[PDB]
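Worksheet: one structure, shown below.
There are 2 protein chains.
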Amino acid sequence: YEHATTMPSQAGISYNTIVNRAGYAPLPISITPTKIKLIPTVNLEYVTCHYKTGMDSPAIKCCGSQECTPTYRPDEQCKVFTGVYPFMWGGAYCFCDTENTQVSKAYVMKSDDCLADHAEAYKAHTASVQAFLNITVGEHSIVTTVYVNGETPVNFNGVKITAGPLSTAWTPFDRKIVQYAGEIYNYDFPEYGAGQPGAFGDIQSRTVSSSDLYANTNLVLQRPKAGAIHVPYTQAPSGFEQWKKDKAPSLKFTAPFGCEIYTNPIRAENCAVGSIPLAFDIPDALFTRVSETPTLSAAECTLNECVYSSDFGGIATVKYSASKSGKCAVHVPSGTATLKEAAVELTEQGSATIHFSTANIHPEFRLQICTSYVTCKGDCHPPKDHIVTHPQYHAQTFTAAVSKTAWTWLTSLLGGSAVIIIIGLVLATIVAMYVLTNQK
Amino acid sequence: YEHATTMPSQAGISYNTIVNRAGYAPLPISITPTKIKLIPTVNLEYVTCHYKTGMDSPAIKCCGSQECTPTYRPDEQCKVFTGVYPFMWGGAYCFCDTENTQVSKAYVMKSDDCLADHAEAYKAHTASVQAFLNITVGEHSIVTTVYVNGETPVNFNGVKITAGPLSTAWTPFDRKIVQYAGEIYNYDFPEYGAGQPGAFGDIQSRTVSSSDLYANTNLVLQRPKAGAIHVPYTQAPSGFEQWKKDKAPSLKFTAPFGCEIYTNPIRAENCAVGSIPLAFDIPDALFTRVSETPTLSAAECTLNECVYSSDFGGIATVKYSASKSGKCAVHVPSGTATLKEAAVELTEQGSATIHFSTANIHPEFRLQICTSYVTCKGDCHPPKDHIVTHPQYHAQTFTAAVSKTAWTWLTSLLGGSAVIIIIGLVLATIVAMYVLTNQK
Ligand SMILES: *[C@@H]1O[C@H](CO)[C@@H](O)[C@H](O)[C@H]1NC(C)=O
Ligand SMILES: *[C@@H]1O[C@H](CO)[C@@H](O)[C@H](O)[C@H]1NC(C)=O
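Chains A and D supply the protein sequences, listed in that same order.
According to the deposited numbering, the stretch in the first sequence is residues 1 to 440, in order.
According to the deposited numbering, the stretch in the second sequence is residues 1 to 440, in order.
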């Protein structure tokens, strides 16, 4: 037997349904999502951190001249200044007043703290969805991680369940993300080998331990101060620190649908978007006979009180005269009310208490018990608190909260609109016939 | 300056271009794709090998009874066969004619050779195109790997180059692929936990070293033969061996467009499909004035010998009277002839030989020397050999091979009919005017 349903993607809220074969005991099914994870496929582009302008000692040649060698280091600048007269603590370092040269080199590498303070630039695509589910089919329970691709099955006690695919392809991440300090930022970082000075990714390394290091920090060399041994340089400040000075709140605080953004692996959790289409395959063995389950006779629903709040604010009592005791499944086929429980203990005679949540002013829901269907009615009152801290436990309709008196006005005004028109047409036809009869 | 072009995705065949500025020396471009890789993203969800049906030693009890231990191993089956009379090498085992019990249980494990002789099932999507290019711009050369996403740039001598994205999204790998013995198969394997007996994936392990194993092989325990201590079982023959028996040739032999399917990483190399858009950003320092390059005047192109073969069958010469010697670029802006080279040495006066490949019988191609432009015209003969081992080095048009006699026949059959129609219309108008004039 193949069953199909559609459970909204909302963690922490149960989803109870019932499988009704033509002549067999109903089968209760409950799916409880404890966590829904969306994990994009991310590949590392590069890693950025503060740079260090490590720079070689200035080689001074007296009374002569020097030439520059490349040495092939990231963003290396080498320059020879002629006419220096360097000084030390001991006195004048050189014995020629002029024609002394000083060659100064300045390169850039990753800082000493790049092994801990670095931001990784990822590219994300083709997100994959997983869900932690507590499933209960016909008293057969399981707690398992299901992949929400519409093909991977979770199987237990002969029952197969295939979840998904998620009705939406929306993902909180763009095509380029930046992960720093265990916090995902949605940033459009420069491509590798295309970084710019003063901005994110001015220095780039393919990996934290990688030997290669692109570096474009606008490094230039200035002439040393007269009578001083040092290598002056003026380059644009670190792009990593500048990015951190203003980077906007992370995806923890800006992701739509209230997603929770986590790292290792980069994932989103409890995104309240879309619905998961569930497909059950229940073997015929689990469908027992009607005589084995209690059979209900002479049952009626009484609505003790209803308050159409977000939580289970409504209650009902069913007067029942059952064939025997035992567990009995309860359900609401309509979408006008959702029960807290999908089962109830049932005695030979008595009354059963059922908690439910609804959004209707005047409920009219055709509740199902063991095999019988009892219509349950009543009135609801507004909840006593304006703002709550939990999501909505039901689903509303466009005509849910109209209430009887608004129906009365809308019908009287629209019906009265039609009645007067009908009277006008009747009078017109009558007088037309009368005039035609007046023709001699 | 930004120069955008396109290049056919055909490995080995050099693609030559000339970029012309307003009044500066033309700049040659030469791109040689040595190798083009298409690398899909693959997720491994299980591996499969030959199974080994393990089984415990039978537990024999004389004048007694035993109970089945709960199953805790892959496909474990346990049965307590009663009324056995085991018979060891040292006579009968039990002194008890009947009410002797034998517990026999069996289960499935991976074979001892699953570390090497296994096939791993991947899911493939979102192929990532890569290329290996020789780029030559203005006597500046670089051999590099270019990611054919339309954003990653390659830098050399101040020149930016961005290739891609590939004009087509075609990939030879299906959604589900299988790697075995270095060969890739487009196999629609069952999902993990859905393996069936006697078919590929009857036993499934998430990874090679994983401690989990899903086994479904119809293992069934049979009653032991009288007087024998052994565990008789029955199960479907291994699905891995059956798949190996009839699995069809791998993608290496069936992939369209002549792709070469390689492994580690799973990739398709040298597919003759699609085109790669190229975008060059050339710094303005590379362009030099026409005065520096050797300008040319008073030249004409004579076609020595043309054969429209796949290779460079056409040979022509240009009689040049250059202002000075040096390098000079040559290119055909049209597609009716592709030159062998994009550079030639010019003396003060002389003749320079050019090799070109054409697909048309009468090449009226508008050759472009570095400064002067020469129209080259002639006739061609068909090639001698029906089959060659080279790909086509030129691009053919729909009207390339129409020749002159067919043009005359077409411009006769069409055209003469239009002339006859014009004559008929003229005669009709003339006689209509004549008959209208004769009203009086
Ligand atoms: C399902 O299992 C989870 C984890 O053990 C638990 O938090 C949740 O309350 C369970 N739900 C039901 C209906 O048993
Ligand atoms: C392209 O690179 C390969 C590898 O170095 C080389 O064999 C080949 O000659 C190169 N082609 C050109 C035109 O430079």
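All C-beta atoms in this analysis are idealised placements derived from N, C-alpha and C, irrespective of residue type, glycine included.
So D/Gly193 contacts chain A; which residues on that side make the cut at Cβ distance below 8 Å? Within the second sequence, numbered from 1, the residue matching residue 193 of chain D stands at position 193. Within 8 Å of the CB of D/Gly193, the CB atoms of chain A belong to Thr152, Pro153, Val154 and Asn155, in sequence order along the chain.
Who are the near neighbours of A/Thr145 in its chain, counting only those whose CB is closer than 8 Å to its CB and skipping five residues on each side? One-based indexing of the first sequence puts residue 145 of chain A at position 145. Taking A/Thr145 as the centre and dropping the five residues before and after it, the same chain places the C-beta of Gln130, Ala131, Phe132 and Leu133 closer than 8 Å to its C-beta, in chain order.
In terms of alpha-carbon separation, which member of D/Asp246, D/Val148, D/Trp170 and D/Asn157 lies closest to D/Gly164? As a working mapping, residue 164 of chain D is identified with position 164 in the second sequence. Selected option, being the one with the closest Cα: D/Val148.
Can you name the residues of chain A whose CB is closer than 7 Å to the CB of D/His125? Taking the second sequence and counting its residues from 1, the one referred to as residue 125 of chain D is at position 125. Ordered by position in chain A, the residues that pass the 7 Å Cβ test against D/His125 are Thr126.
Is any non-hydrogen atom of ligand 1 found closer than 7 Å to the C-beta of A/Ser14, if you look at the structure I gave you? As a working mapping, residue 14 of chain A is identified with position 14 in the first sequence. Yes, the beta carbon of A/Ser14 sits closer than 7 Å to at least one heavy atom of ligand 1.
Helix or strand or just coil, what does DSSP make of A/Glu345? Locating residue 345 of chain A in the first sequence gives position 345, where the first residue counts as 1. The three-state secondary structure of A/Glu345, taken from DSSP, is strand.
With D/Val374 as the anchor, note down where its alpha helix (DSSP H) starts and where it stops. Here residue 374 of chain D refers to the residue found at position 374 of the second sequence. Unbroken run through D/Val374 is the beta strand (DSSP E), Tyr373 to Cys376; no alpha helix (DSSP H).
Would you grab the beta carbon distance between D/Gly201 and D/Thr263 for me? Rounded to a whole angstrom, and I think it's under 8 Å. Locating residue 201 of chain D in the second sequence gives position 201, counting from the first residue. Locating residue 263 of chain D in the second sequence gives position 263, counting from the first residue. Not a contact, Cβ separation roughly 20 Å.
Give me the chain A residues within the contact set of D/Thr41, using Cβ-Cβ distance strictly less than 7 Å, ordered along the chain. As a working mapping, residue 41 of chain D is identified with position 41 in the second sequence. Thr41, listed in chain order.
Helix, strand or coil: which one does DSSP assign to residue 468 of chain D? A question about residue 468 of chain D goes unanswered here, because the residues of chain D that appear run from 1 up to 440.
Suppose the cutoff is 6 Å on Cβ atoms and the five residues either side in sequence are ignored; what does the same chain contact list for D/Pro197 look like? Translated into positions along the second sequence, residue 197 of chain D becomes position 197. Contacts found: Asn216, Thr217, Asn218 and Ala236.
Distance, A/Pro232 Cα to D/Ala285 Cα: Position 285 of the second sequence, counting from 1, holds the residue named residue 285 of chain D. Position 232 of the first sequence, counting from 1, holds the residue named residue 232 of chain A. As the crow flies, the alpha-carbon of D/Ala285 is around 29 Å from that of A/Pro232.
Measuring only the C-alpha atoms, how far is A/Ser14 from A/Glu341? By one-based count along the first sequence, residue 14 of chain A stands at place 14. By one-based count along the first sequence, residue 341 of chain A stands at place 341. If you draw a straight line from the Cα of A/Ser14 to the Cα of A/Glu341, it is about 9 Å long.
Which ranges would you report for the beta strand (DSSP E) in the stretch 145–229 of chain D if only whole runs of at least 3 residues count? Whole beta strand (DSSP E) segments, 3+ residues: 153–156, 159–163, 176–180 and 183–185.
For D/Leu427, three-class secondary structure by DSSP: To locate residue 427 of chain D, count along the second sequence from 1; it is residue 427. Looking at D/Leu427 - three-state DSSP - the assignment turns out to be helix.
Just curious, the alpha helix (DSSP H) that A/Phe240 is in, first and last residue? For the purposes of this step, residue 240 of chain A is identified with residue 240 of the first sequence, where counting begins at 1. Run containing A/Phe240: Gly239 to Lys245, per the alpha helix (DSSP H) assignment.
DSSP state of D/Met433 mapped onto helix, strand, coil: The sequence position of residue 433 of chain D within the second sequence is 433, counting from 1. D/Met433: helix per DSSP, three-state reduction.
Mapping the DSSP letters down to three states, classify A/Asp284 as helix, strand or coil. By 1-based counting over the first sequence, the position of residue 284 of chain A is 284. In the structure shown, A/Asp284 adopts helical secondary structure according to DSSP, grouped into three states.
Closer than 5 Å: residues whose CB approaches a heavy atom of ligand 1: The set, ordered by position in the chain, is A/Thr32, A/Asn134 and A/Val143.
Measuring CA to CA, which of D/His3, D/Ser57 and D/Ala25 is closest to D/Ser291? Counted from its first residue, the second sequence places residue 291 of chain D at position 291. For the set D/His3, D/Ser57 and D/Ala25, the Cα lying nearest the Cα of D/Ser291 is the one of D/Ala25.
Taking 7 Å as the limit between beta carbons, can you name the residues of its chain near A/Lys247, skipping five residues before and five after? Walking along the first sequence from the start, residue 247 of chain A turns up at place 247. So the qualifying residues of the chain are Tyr185.
Going by DSSP, what residue range makes up the alpha helix (DSSP H) through D/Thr254? As a working mapping, residue 254 of chain D is identified with position 254 in the second sequence. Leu251 to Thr254 is the span of the alpha helix (DSSP H), which, as asked, contains D/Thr254.
Can you tell me where the beta strand (DSSP E) with D/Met7 in it begins and where it stops? Here residue 7 of chain D is taken as the residue at index 7 of the second sequence, counted from 1. Counting along the chain, the beta strand (DSSP E) containing D/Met7 begins and ends at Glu2 to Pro8.
Is the stretch 376–383 of chain D touching the stretch 304–320 of chain D in the sense that three or more CB pairs, one from each, lie closer than 8 Å? Yes: at least three Cβ pairs fall under 8 Å.
Looking at the strands, I want to know which residues DSSP matches up with A/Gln66. In the first sequence, the residue the question calls residue 66 of chain A occupies position 66. DSSP lists no partner for A/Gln66.
Could you give the residue range of the beta strand (DSSP E) that holds A/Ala395? Position 395 of the first sequence holds residue 395 of chain A. For A/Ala395, no beta strand (DSSP E) encloses it, and the DSSP letter there is neither H nor E.
Within 7 Å: the Cβ of D/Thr34 and any heavy atom of ligand 2? For the purposes of this step, residue 34 of chain D is identified with residue 34 of the second sequence, where counting begins at 1. At least one heavy atom of ligand 2 lies closer than 7 Å to the C-beta of D/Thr34.
Note down the Cα distance separating D/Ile420 from D/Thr399, rounded to an integer number of angstroms. By one-based count along the second sequence, residue 420 of chain D stands at place 420. By one-based count along the second sequence, residue 399 of chain D stands at place 399. About 27 Å.
Assign A/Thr82 to one of three DSSP states: helix, strand, or coil. Residue mapping note: residue 82 of chain A aligns to position 82 of the first sequence, counting from 1. When DSSP states are grouped into helix, strand and coil, A/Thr82 belongs to the strand group.
Take every Cβ of the stretch 250–262 of chain A, pair it with every Cβ of the stretch 335–355 of chain A, and state whether three or more of those distances are shorter than 8 Å. A contact between stretches requires three or more CB pairs, one per stretch, nearer than 8 Å, and the stretch 250–262 of chain A fails this requirement with the stretch 335–355 of chain A.
Let me check understanding here. Comparing Cα to Cα, which of D/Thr5, D/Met55 and D/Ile282 lies closest to D/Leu166? The residue you call residue 166 of chain D lines up with position 166 of the second sequence. Closest option to D/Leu166, Cα to Cα, is D/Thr5.
Where D/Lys324 sits in the DSSP three-state scheme: Here residue 324 of chain D refers to the residue found at position 324 when the second sequence is read from its first residue. Of the three classes helix, strand and coil, the one that applies to D/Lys324 here is coil, per DSSP.
Could you tell me the alpha carbon to alpha carbon distance between A/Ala428 and A/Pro383, rounded to whole angstroms? Here residue 428 of chain A refers to the residue found at position 428 of the first sequence. Here residue 383 of chain A refers to the residue found at position 383 of the first sequence. Roughly 53 Å separates the two Cα atoms.
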